[PDB]
Structures are given as C-alpha cells and as structure tokens.
Amino acid sequence: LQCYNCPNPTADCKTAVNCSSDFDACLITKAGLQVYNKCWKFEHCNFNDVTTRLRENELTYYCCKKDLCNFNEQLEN
Amino acid sequence: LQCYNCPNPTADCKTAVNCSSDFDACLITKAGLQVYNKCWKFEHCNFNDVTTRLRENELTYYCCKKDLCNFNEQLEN
Amino acid sequence: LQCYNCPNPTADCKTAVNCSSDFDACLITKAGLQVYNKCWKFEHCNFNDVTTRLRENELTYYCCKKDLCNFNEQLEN
Amino acid sequence: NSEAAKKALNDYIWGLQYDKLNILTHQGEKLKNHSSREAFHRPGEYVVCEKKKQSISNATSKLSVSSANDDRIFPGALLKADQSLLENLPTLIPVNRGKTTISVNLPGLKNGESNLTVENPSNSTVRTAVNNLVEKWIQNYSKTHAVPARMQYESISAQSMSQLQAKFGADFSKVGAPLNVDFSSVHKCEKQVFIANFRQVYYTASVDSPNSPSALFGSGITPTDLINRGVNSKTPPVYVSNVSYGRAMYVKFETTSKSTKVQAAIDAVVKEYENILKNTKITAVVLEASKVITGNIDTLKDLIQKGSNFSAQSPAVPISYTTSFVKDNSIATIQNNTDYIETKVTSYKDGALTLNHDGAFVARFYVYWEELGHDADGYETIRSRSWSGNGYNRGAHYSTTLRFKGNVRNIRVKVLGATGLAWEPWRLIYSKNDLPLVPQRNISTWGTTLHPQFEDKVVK
Amino acid sequence: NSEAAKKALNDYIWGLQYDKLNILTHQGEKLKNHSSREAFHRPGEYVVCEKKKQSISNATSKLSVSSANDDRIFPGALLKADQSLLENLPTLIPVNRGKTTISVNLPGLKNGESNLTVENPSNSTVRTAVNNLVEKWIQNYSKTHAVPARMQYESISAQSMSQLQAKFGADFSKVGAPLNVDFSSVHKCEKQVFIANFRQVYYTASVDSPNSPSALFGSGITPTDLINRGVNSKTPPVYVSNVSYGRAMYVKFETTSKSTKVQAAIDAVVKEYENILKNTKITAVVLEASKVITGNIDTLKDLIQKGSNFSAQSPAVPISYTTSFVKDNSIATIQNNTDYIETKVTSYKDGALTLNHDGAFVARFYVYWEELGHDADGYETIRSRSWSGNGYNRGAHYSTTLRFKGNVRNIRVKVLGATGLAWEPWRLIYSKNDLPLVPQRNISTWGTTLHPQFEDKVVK
Amino acid sequence: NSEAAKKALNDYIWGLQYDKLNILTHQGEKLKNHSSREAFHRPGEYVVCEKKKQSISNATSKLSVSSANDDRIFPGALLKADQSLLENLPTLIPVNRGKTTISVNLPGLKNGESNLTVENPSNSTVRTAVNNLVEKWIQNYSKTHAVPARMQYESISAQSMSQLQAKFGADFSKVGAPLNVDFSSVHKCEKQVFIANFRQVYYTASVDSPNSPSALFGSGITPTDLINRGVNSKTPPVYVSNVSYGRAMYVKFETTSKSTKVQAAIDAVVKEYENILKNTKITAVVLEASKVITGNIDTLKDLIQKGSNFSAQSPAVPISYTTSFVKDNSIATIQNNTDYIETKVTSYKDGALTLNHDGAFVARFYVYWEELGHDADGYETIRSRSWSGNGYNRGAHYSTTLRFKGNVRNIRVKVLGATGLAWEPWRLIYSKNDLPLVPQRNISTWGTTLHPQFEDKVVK
C-alpha cells in the first residue's frame, strides 16, 4: 500500500509514503553510486522502461510487488 | 499443524508456529552455512522452487510434512 | 500380541509392549553400529523401505510376526 | 365360463401375494471368517497360497435348459413358484389350457411368419407349431442365413462349486457333474479349475401378455381346481415368458499349475499356455457332442463355422429359460448366494544360479537377499541374508553354482570395482537392488577397468 | 366406450403426480472424500497411488436394452414406473391395448412404407409389422444406401463398477457382468482395465402420444381395470415412447500397466508398446461373423469398418427405449450416480544413468537429485540427494553405472571441464536442471579443455 | 367449429404470453472476477497460467438436435415452453393438430411449388410426407446440379462444459459425453482441449407459422382440454418452425503440450507439427461414417470435398431445429449464458545461448537479463540479472553455452572488440536490446579489431 517514493535518487532510501494506483510495486535501481527507489508501475517496470524514465543507460534494478520491500543491498554487493 | 517458521536464514531454530496451508510443508535449507526453517508449500517444494524463493543457486535442503519434524540436524553435512 | 513396541536406536530393547496397530510384526535393524527395534507393519517390511527410512545403504534387518521374537539377539551380529 | 374363470383367477391371484424374491432367493455354501496366506516348500518347488474368502450373491432371470428341466421348453409352461423351481424342477399340471398367441423371432424372417397361435398349449401342440414355423424358415432362407454374432464368451475361476451354483445357477450342480469342476481340490489348494462357457442364441420365443391367469386356462377353471391342481398360494403360479434356443460349449480346463495364466491358457488356444496345456487332459461337455468330448484346437470357431448355419446334422439345444409372476404379470428372478474360500496361489523357482567372475579385473561381490519364512510358531517373518564372500574377493576366473531356491525374494547385487584411492575407494560397476528371480542365471561381470560392465545373463 | 374410457383414464392419471427423476434415479455408491496418496517400489519400478474421491452422478433418458431384455421391450407398451424400469426390470400389464398408429424411422422409404397401425398392439403383431417394414428395404435398395448414423466411439476406464453403472447405465450390471471386469483390482489398485463401447444405431420406432388415454386401451379401459392390472400412484403408468436398434459392442482391454497408454493400445488396435499389446488379456462380449469370434487387430477394425454398416444379412437387436408419464405425457429420464475414490495411478520407471568422460580434460561432476518419500508416520516428504562422489577427478576415458532409480526425480547436473589456465580454472561446460526420467541416460563429455563439448545420449 | 376453436385459441395463446427470451434464458456459471496468476515448472518448461473469469453470454435460435431426440424432431408439432423445452428434452402433448402446410428447400426449383400440407398432422403422416418429398427430389435432379459447397468449421477451447454449454447449447452436456474432453485438465493446467465442430447442412424443412390457431389443432380445440392437457400460461404452447438436415463432426484435439498451437495443429491437418499432432487424443463423435472411421491425413479434406458435397449415396440425418411461441409466431431464442474461468494457456521454455567468440581481437561479452522471480510469499517480481562472464576475460576463441532459460526474460547483449588505442580501448561490434529467447543461439564474432563483423546463427 504505502510504497517508497523518492523523486530524488538516493542511496539512503528513506522517504516512503502512501501512493496511488499509478505505480504497482517498489523499484530500487543502482547506477554506479547513484541509487533510486520509487513507486513504479510494474508494467512500466522494464529495463528499457527504467532506463528511459531515468534518462540513463547502464544500471541494475529490482522491483518487488509488495511496497517497501525493495532496497539496494538485495542487489549483489 | 505446527511448522517451524524461521523469519530469516540463521543458525537459530526456536520459532515454531502453528501455520496455515503455508504449512503444506516444513522447510529447512542449509546453503553454505546459513540455515532456514520456514513454513512452505509442498507442491511448491522442490530444488527449483526453494532455490528461487531463497535466491541462491547451490543449496542443500530437506522438506517434511509432519509437524515440526523437518529439523536442522535432520540435515547432515 | 506383545511385540517389542518401543522406538530405540540402541543395542537394548526397553519395554515389551502389546501393540496392535503397527504390530503386524516386530522389526529390528542393524546399520553398522546402530540398531533399532520397533513394532512394524509386515506388508511394509522390505529392504527398500528400510534403507529409505534409514538412508544408510548397508544394513541388515529381521521382522517377525511373533511377540518379542524380534528381540535383539534374534538379529545376529 | 372362461370369463368367470378369468375373473376368479385374477381375483384369487390378486389375493395371492408374496415377496417373490423371498421364495426365489437362494444360498449356497457358507464359510466362517477365515482368511490366511501360507507358503510351502517342495523338492525343487516353492508355493504361496492366499486362501481368502470367496463370497458372491448373483442373480438373473435367464434360467437354464437341461434334461431334468427340458420337460417344459416351448415357453408358456405355467409353473408354481417353488424351490424345486429355484433349483430347476418344474411342476407339470394336467390343466385345460386356453388359446394364446405365441411368437418366435428370427433373423430376416418372413412378413407374417413370426406370429403363431395355439388353442390348447401343450408340448406336442406348441412343439409342432414351432417345428412347422422354423421348418418354413429353414427351407426358405437358411441358404443365405447369417447370425447376429451374439458371442457371449464367458470365463470364470472355477475355484468353488457353490460359486458356480450362484453365478451360473443352481441347476448347473448336475450339468457340471459330468464336467467335473473339482472345486474341492482347489479348496485343498492343490489343483486349478477354469470354466469357459461359449454361448450363442440362434433364436428365441415369446408369449402374449396374459390379461388373465385363465387366459392361459382353457375355460371354466375355478380357484379350488388350481388348488387341487397343485398350484396354490404357498407355491404361487409363475408365467413363463421365454425360452432361448441356440449353441453352447461348456469347457473346463483342468490344470495344477497355480499361475493364473491358466485363464489366459484356456483361451490362448481359443486364440507359456502351450506347455501348461501339454499335460492338462482337458474335459469338455456340451449342453456332435462326441466331436467336442474328444477335444481339438478349433472346436469353438467350429461352433460358429457350423454354428453360423443350421442343418439336419446334429442336435443344437434350447439354451435358456425364464418366467414371470402370474399375480401381477411381474418379472420373476432368482437370488443365489455363495460363500466360500478363494485361494489365489503362486509359485517361485529354485535353480542353478551361476556367478561367472571371469573378467580380468578382480571384483568384489556384495550380494544380499530377503527371505520370507517361519519357525516353531508359524508366525510370519522375513529376514536379511548376504553372500558368503559378501564383498569379499574372488579368483580371476570363478564359476560358482548356487542351488538358488525360489523361497527368497528382493535380491540386491553390488559388484565392486576395487580401487586403492582414499576418496570413495569402493568403486561401483553394478549395484542394483531389488532385482528379479532368475531360476537359472549366469550372473557374470565383464568389461575393462576403464569400462566395467555387468552381464544380466540367463544360462538356458 | 373408448371416449368414456378415455375421460375416466384421464381423470385418473392426470391427477397422479410425481417426479420421474425422483422415482427414477440410481445413486448407487456413495463415498467419503478419502485422500490417500501412497507409494510402492517393485523390482526396478516406482509406483504412486492416488485414492482420491470421485463422485459420478449422471442422468439419461435412453434406457438400455440387451439380450436378456429383448423380448419384453417394444413401443407403446404400458409399464409401471418403478425401480422395475430403473435396473431394466421391465414389468408388463394385462391391460388390453387399443388403436395406435406405429411409426418407424427408415432411411429411403417411399411415402407409404414408414407408417402402420395396430388395433390391439401385440408383441407378435407389431413385431412382425416392423420386421415387414425392414424386409421392404433390406433387399430393395441396400445396393446403394449407406446410413451414416452415429459411430459412437466411447471409451472409459473400468473403475469401480458402480461408476460404470452410473456413467453407462444400470442394466450393464448384467451385460458387462461376463466382461471379466475386475472390481477390486481398480478399486484396490491392482491392475488396469478399460472398457470401450462401440455402436451404430440402425433405426428406431415411435408412438404418437395418446390424444386419448383409451386410445391406449382396447376400447374401454376402466380405472378399476387399470388398478386391477396393478397400476397405482406409487408405480404409475408410463408408456414407451421409443425403441432403438443397431450394431453394438463393449470391447475391453485388460493389462497391468497404468498411464492410460492403455487407451493408446485400445485405439491403435481399433486404428515396448508392442509388449503392452502382447499383454492383452482381452475379454469382450459382442453383439466376418467368424472374425467376430476370433478377435484381434483386424477384427474390430473390420467389424466397425465393413460390418458397421447394415449387414449383408441382418442387424442385431433392440438397443434402448424410453417411456413417458401417461398423466402429462412427460418424457422419462434415469439419474444414475456413483461415488468412488478414483485412483489415477501413475508409475515411474527405474532410471539408469551411465557417466562417460571421454573428453581430454578432467571433468568434475555434481549430480543433484530430488527424493519423494515419507517419514516413519505415513507423512510425506521431499528431499535433496547429493552426488556422494562430488569433487572427484575422472580419467581421459571414463564410464560408470548409476541406478538413476525410479525413486529419483527433478535431476540437475553440473559438469566442470577443468582448465590449466589461472583465471578461475573451474570452467563450467554444462549446468542444466529440471530434466525428465531416462531409463538409460548417457552423460558423455567430449572436446578439449579449451572447448568442452558434450553428448547426452540415450543408449536404451 | 374450427373457427370458434380458432377464435378461442387465439385469445387463449395471446393471454398465455410471457418473455420468450427470458423464459428461454439459461444463465450458467456465476463466477467472481479474479485473475489468479501462478507459474509452474515442468522439467525444462516454464508455464504461467493466470486463471481469469471469462463471461460467455450467448443466445441463439439454432437449436441443435442429436440421436437421443430424433424421436421428436420435425417442424409442425406443438410443444410446451418449459425447462424441458430448455434442455432439449421435448415435451409431448395430446394435441391432435389441424390443417397446416409444410415447405421443403429443394435445390432446383424456380418458385414456391414444392410444398405440401396435412389436414391432421401425426408424426407418421408428416414424416412420410416430408421423406416423400426428399426422396422425390433426390431421385430426379440432384444427380445433375450443384449444392452449397462452403466450410462452416467452428472451433473453441473446451475450457468448460458450462463454457461449452453457452457456446454450443445446453444438451451438448449429454452429447459431449464420448467426446473425451478433459476440460478439468484445462481447469488444472494439465492438458489443453479444443473442439472443432464441423456441422454439415444439406437441406432444411420449414412450416407456415400459425395463421389460424385452430389450424394447429383438429377442428374444435377447446382450451379446457388444453389445461387438461397442461397447455396454459404455466407452460404455454410453442410452435416448431424449422428442422435442419445434414451431418456433423466434433473433432476433439487434446494435447498434453499446453499451448495455443493446438489450433494450428488442427489447421496443419485441416489443409515439428508432427510433435504437436503426436499428442492429439483425437476423439470424434457423429451427431457413410466409414470415410471418417478409417482415418487419414485428408479425411476432413474429403469430408468437405465429398461429405459436404453430399450426394445421392445415402441421405443425411436431421441435425437441428427451431421453434416459435405460438402467440408470438416469432423466433424463439434460448439465452445460454455462463461465466467461467479462463486459464492463461501460455507456456515458455529454456533455450541455449552459445556465446561463440572467434574474432582475431580480444572480445568480452556482457549479457544482461530481466529475471522472473518470487519473494517471501510467492509474490511476483522482476529482477536484474548480470553476466558472470562480465568483467571476465576471454581468449581468442570463447564458446560456452549459457543455459538461457525461458524463465529469464528481456535479454540484452553487448560484445566488446577491444582495441589497442589508448583513448577508448573499446570498440563496439554488436549490442542489441529487444531480442527474444532462442533455443540454440550461436552468437558469434569474427574478423579483427579494425573490422569486427558479427554472426547470429540459430542452428536449432
């Protein structure tokens, strides 16, 4: 229900609030050092989807159905 | 019946709970050294299924169906 | 109908018990060092079910319908 | 008169009443609550019997047609419900019998040559009527006559006789007496009896619905007459409705080998069974009888080869019977029961089992067995046994023979490649457990050290 | 007469009221849901049993007819709606019947040949009438008529025989009785028996519904006549509305193997596996005429192929019928049920697995196995099984044997071509999981340590 | 007489009115809308079924007819609006009909001349009239004329007998019994079952809608008899208007290989695929047949080529009908609606990825994947998957097969041909996104640093 949403990419992902139906799941991504977790539409969850809504090219991401259950450290290293 | 439902894979084995159909099976996984005893779905119990829901490739495992009988020493190295 | 009905993986039979349900016979099994005697269902008496319920590939057994006739030394060596 | 006869017979027969199945329920043998599995050893032989309760309560409304009951074929022969009737004894009665339409059905029959009527039903009268009808149809069409292939082939384990009193009927008690179904030996768990009944209808007969019981009587019957005539309330009248006529072949395969393959064998020649038949001395009986009593390969396919055509050569018999209640024209039926023991029996083989260790690589032979037995109490058991030189070395060439008795079960054989390394020094060429009993087996190993092969060989 | 008789019979039966599907319903066997999964190991075989409840409740209006019921069935005949009708125990009535036109469905007749009329309907009269109507067309046009009617190709497993009485009809209880259908075996998981009905309806006959109740009686039914003829409210009067005809057969296949490839055998005979054929043990009741009697691959094929069409001689017998509540002339219908713990039985072959390493490199194997079993309490379990020889080196050539037993499931393999290079000298050639059960798999590696090739052969 | 009867009857039936389309509406399975997605893993296959409520709401007046109701099928009778009428078990009636005409679609006329009539219909009368006209036209001109030669070949996933009840009518419930449809295996994602219904029209018969109510009954119909007949608003009269004529074929393609390719499989036979057809479990019913009874690769081809080209070899059988409320005299339509689950029949499989590197330059592959996974409840999720050979050096040649499983999704590849120049020592030869799974994908590189050229082979 209440999902993580930072409009500003952050490694320390803290700002998590109750959001609407637009997103479907909690999506965290990491590019180099930058980390961005956010309420994300799981259909609009796609490697290409993330890379286009982030204007960046190379990354490693993960989106999980249940909100707030998504964080960077689950990705390798 | 009562399955052992560990919260997160660890050498600790004390939390035994009377579980729902998620006690379709009692699950215990020794991956490397980390051990996890959870409520589980038996038809959903297999090498593949448990390796997915545990996210790692290599694994040693045992499933029981009867109450709590799936145990740590039940696994042998 | 007094078999040896006492689960013990040891060299001594503890208590001679009149079992009915799983005393269709009484069964003793020596696997290397360990030995186990208990009431047993005679149709379920066979090499393969024993080695499964034991997981040990080298074993010997003796199952007999007669009461307590499955005593330890009735198994040889 | 005949109207008053009809009225009185309908009235009394309505006052007549009975649970028709009660008077027509039968029981054969009965056995107390015994069941047991027991083994037995013999010089070069082994057997296991499962003597288990056999109980059947089967019934029908097809009734047999045999000599002691042949007296009332050409249906319509009204009877009086009795246990004589239950066990196939009909009641003749010098009654004035009234006109009724009787009709026999045939393949291809003429437009109007299935309808008949008889004023005074009597075996002579109705017999001549149906004789002349079937003679018309036998001269008219039997050149191109073909059968509706009603092959009612039947096979049963003839382990019990009361089972053959319930299933096939009470009267068989006599008709099997020449067939010699030695069920008693089966109970003694020594000999095996399998019965095969080929049957076939060539035609059958029919009677109009009796609007009255005296619609059968000639005219003017009074109830107290039928009373004096023997048909009474305690033995109520039963209105026969059909007799079936055709071909039969009533074979009993008699053989000791308790492998149930016999019931394949008995029919595999109607299609190993060869040798199990080789010493059977089969006995047969037909209800060209002597052409069967000698027995040959194609007797049954002859019972259609000739049994497609009808001729004047050799007798084909009326094959079945039936009858219905008179009081309400309700269908009548038997209820025969049997209770006895069935013994499902088997056998297992002692023979020379040769272990031929001839491979240039000295393997070590772990061999293990299960052994089902008893001692001193008769209480069942089964135990583990293992090879003499179990996992113990054997010479470079070693052909050993074992009096491999068929009493043991569930063999396991691990042949062992010998290695000198530390990590798992016990090297496997062939460890298969739970392997089949080979009476005479040349169990040899073979191959090279870099490729060790097993040989699951039979000597022969 | 028949007018006052009509109004009397109508004032009588129109008030009589009950549900057919209540008096006519055969809910034979009831069974609690017992869910028993179980297993069994035999020499080189794994077996699972699934005793799971399966109720089978059916309803139908096509009331079957076979040999032992032939003579009493034909249209327009009144009956008393009772369990009599249910198990095909058809009861008659003494009531005189009245003027009725009788209709048939015959392909090709010309404008006058399909209708008749009988004043006093009688088995003889109407039977010879319809036989006449047949004899018209049998010789006239049979040269170029091929009635393409239903080739009902029905198949089912011969499970608890009450489920057969439900899915197929009550009266089968007798006609399939000689089919050598093992009740307990399937009921108790011994053997596999599949029954397959084959048909072709030839034609049928039909009654015009009574515009007059006494158009069913011979001009003058009285309610006291009807009741003296045994008709009451409990077993009400119904009138047959159909009799059907044609070629029929109930062919069986009786073999040890489960896994309904049995049905593959049935069809590809109607249309190794060679040995599941070799294990036929067929037993069939049928209804050239000698290839009828032998029974084999070509026999049924031809009989449904060249014999299915109207025979060179004659069709067989009435196949079915139906009736209708005289009150409202409402159509009748059976309701036959049976509940049984269906055991959809499945086998698992003893797998074998040879491990061959002919590659130049030294490969290291880990073979992960699944294991389905129980734990000492009848409770299920599933477990891992580790390749005990893991982390081991294998020669330039290599071949070992492994009982990849029927107890094994969901295998996974990692093969490791060892490389003399420094950057992770562990080079993965082949990891693959979730493979099927192979009776004889050969995992043979190949190639060089620079390019490790592989072969996954099935020698068989 | 019949005029006062007609005036009373018109008032009667006009008062007997109710909603035809709701007295005839069959609303079937009531389902909650839920989409339950869930995946399963066959040994090497990744199936994903999302069961979903799929509401099949349907209505029609194309009321099909089968064998079990040929006894009542023709236009002209008078039926009663009831669940009986609903479930295609027609109701009888003691109605003696009146003068009415009947029309017959004879191919070869140039006006409405081939018409007939009956003053008092009876199934025999109207039946022989219609069959007269049929044989009349068959013997005259159909030898030398054309016929509609078109393909009406319906198909559907037999997801439910309620789904099939809404799709193809209610009474298919009984007629689909021998079809061998395991719609429950579809309910549990075990196998997939599609029916292909090729109906077959040759002709149809019609009848003049009621122009006079008492032209539908013998002269002098009184509504008092009709309520004595049960003809009243409770079950008001209905007027059959048409009956079809032809054949049918319900091909049941049932495969264990769960896919949509099933229909292509059918279309591979209608006009590799060897495999999809190899698990056909074809089970055809028929509503001569020998042409299908033999079985071949073009049996449908000729069944439309010759069977749909229906000739004078043998006329067809009645196939369907329709009716009309007697007052309405207008089309009568059942509304057979159902909801039902809709398994997402989708399926996916592993596929090798042969990373082959042959180029003369130092190449390095990075392959990224999307990754279908589950978390902590079985909850669905997608994941990044990074190449293990990423950051991993590869020689002049590097060919390893990645077990690129269909369980993996959205693959993307980058291949690096590294250069010797200090500034940007990297050169891209190949990089691709939006590429699908490949069974065997030899992704090869060739050439040298100055010209790195690609190869994308699917050896398959």
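Rules behind the numbers
Residues numbered from 1 in each chain as written, not as in the entry; some residues may be left out. Chains lettered and ligands numbered in written order. Heavy atoms only, no water. Residues with missing side-chain atoms left out of burial classes, pairs and counts. Helix = DSSP H or I, 4+ residues; strand = E, 2+ residues; numbered from the N terminus. Contact = heavy atoms within 4.5 Å. Rg over C-alpha atoms; globule rule 2.2 N^0.38 Å. Nonpolar A, V, L, I, M, F, W, Y, C, P; charged D, E, K, R; others polar. Domains from an automatic or database assignment. Pairing = 2+ DSSP bridges. Axes fitted to C-alpha atoms, helices over the stretch in contact; angles between N-to-C directions. UniProt positions renumbered as here; feature names shortened; annotations may be inferred.

Per the PDB record, the structure was determined using cryo-EM to 4.6 Å resolution.

Here we come to the overall build of chain A. Broken down by element type, chain A carries one helix and five strands. What you see in chain A, going N to C, is helices and strands ordered as β-β-β-β-α-β. For chain A, the proportion of contacts with a sequence separation of at least 24, taken over those separated by at least 6, is 59%.

Scanning chain D from terminus to terminus reveals twelve helices and 24 strands. Rg of the C-alpha trace for chain D: 33 Å, well past the compact-globule value of 23 Å for 460 residues, more than 25% over. When the backbone C-alpha atoms are referred to their principal axes, chain D occupies close to 115 × 55 × 35 Å.

Contacts between the two partners involve 22 residues from chain D and, on the opposite side, 23 residues from chain E. Going through the elements one at a time, β22 (426-435) and β24 (451-458) of chain D are the ones with two or more residues in the side of chain D that touches chain E. Here the side of chain D that touches chain E gets four residues from one element, more than from any other, and that element is β22 of chain D. Taken together, the residues of the side of chain D that touches chain E sort by class into twelve nonpolar, eight polar and two charged.

This paragraph deals with the interface of chain E and chain F. Of the residues lining the interface, 25 residues belong to chain E; the matching set on chain F comes to 20 residues. Residue assignment for the side of chain E that touches chain F shows that the elements contributing at least two residues are β8 (153-157) and β21 (426-435) of chain E. At three residues, the largest contribution of residues to the side of chain E that touches chain F is made by β21 of chain E. Classifying every residue of the side of chain E that touches chain F gives eleven nonpolar, ten polar and four charged.

You can read the domains of chain D as domain 1 (2-345) and domain 2 (351-458). Once you take the C-alpha centre of each, domain 1 of chain D and domain 2 of chain D turn out to be 58 Å apart.

Let's shift gears to the sheet that holds strand β8 (residues 153-157) of chain F. Residue and element names in this part refer to chain F. Taking strand neighbours across the sheet as the criterion, the three strands line up as β8-β9-β12 in an open arrangement whose pairing is antiparallel. Only two strands of the sheet have a single neighbouring strand rather than two, namely β8 and β12 (250-255). Direction aside, neighbouring strands of the sheet carry axes that sit 15° apart on average. With six bridges joining them, strand β9 (residues 192-198) and β12 adopt antiparallel strand pairing. Within β12, the position partnered with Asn197 by the bridge is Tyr250.

If you rank the six pairs of chains in contact by how many contacts each has, first place goes to chains E and F. These two, chain C and chain F, are apart from each other, with no contact and a minimum C-alpha gap of 25 Å.

Our focus in this paragraph is unusual backbone geometry. Unlike most non-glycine residues, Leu68 of chain A shows phi in positive territory, near 70°. One can find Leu68 of chain A in the segment after β5 (60-64). Residues other than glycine seldom take positive phi values, yet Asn111 of chain E does so here, at roughly 70°. Mapped onto the elements of the fold, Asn111 of chain E is located in the loop between β6 (100-105) and β7 (115-118).

Looking now at the sheet that holds strand β15 (residues 335-345) of chain D. Residues and elements named next belong to chain D. Taken in spatial order, the four strands line up as β1-β15-β3-β2 in an open sheet, and their pairing is mixed. Each of the sheet's edge strands pairs with one partner strand only, and the pair in question is β1 (25-27) and β2 (36-42). Averaged over all pairs of adjacent strands, the angle between their axes in this sheet comes to 25°, without regard to strand direction.

All names here are of chain D. UniProt's entry tags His374 and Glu380 with the feature "binding site: Zn(2+) 3" (unreviewed entry), counted in the numbering of this structure. Within the secondary structure, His374 sits in the loop between β17 (364-373) and β18 (381-386). Inspection of the secondary structure assignment puts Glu380 in the loop between β17 and β18.

Turning next to the pairing of strand β13 (residues 318-321) of chain D. Residue and element names in this part refer to chain D. Judged from the two bridges that link them, strand β4 (residues 63-64) and β13 form a sheet pairing that is antiparallel. By the bridge assignment for β13, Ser64 is matched with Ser320. Where strand β11 (residues 243-255) lies against β13, three bridges are found, and the strand directions are antiparallel. Bridge pairing links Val243 to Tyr321 in β13.

This brings us to the pairing of strand β16 (residues 351-357) of chain D. Residues and elements named next belong to chain D. Of the strand pairs in this sheet, β16 and strand β20 (residues 398-404) are connected by seven bridges, and their pairing is antiparallel. Looking across to β20, one finds that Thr354 is bridged to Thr401. One ladder, built from four bridges, connects β16 with strand β23 (residues 441-448); its direction is parallel. Residue pairing in the sheet places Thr354 in a bridge with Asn442 of β23.

Below, the discussion takes up the environment of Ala158 of chain F. Mapped onto the elements, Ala158 of chain F comes out in the loop between β8 and α5 (161-168). With residues up to four places along the chain from it excluded, the contact list for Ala158 of chain F reads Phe183, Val193 and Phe194 of chain F.

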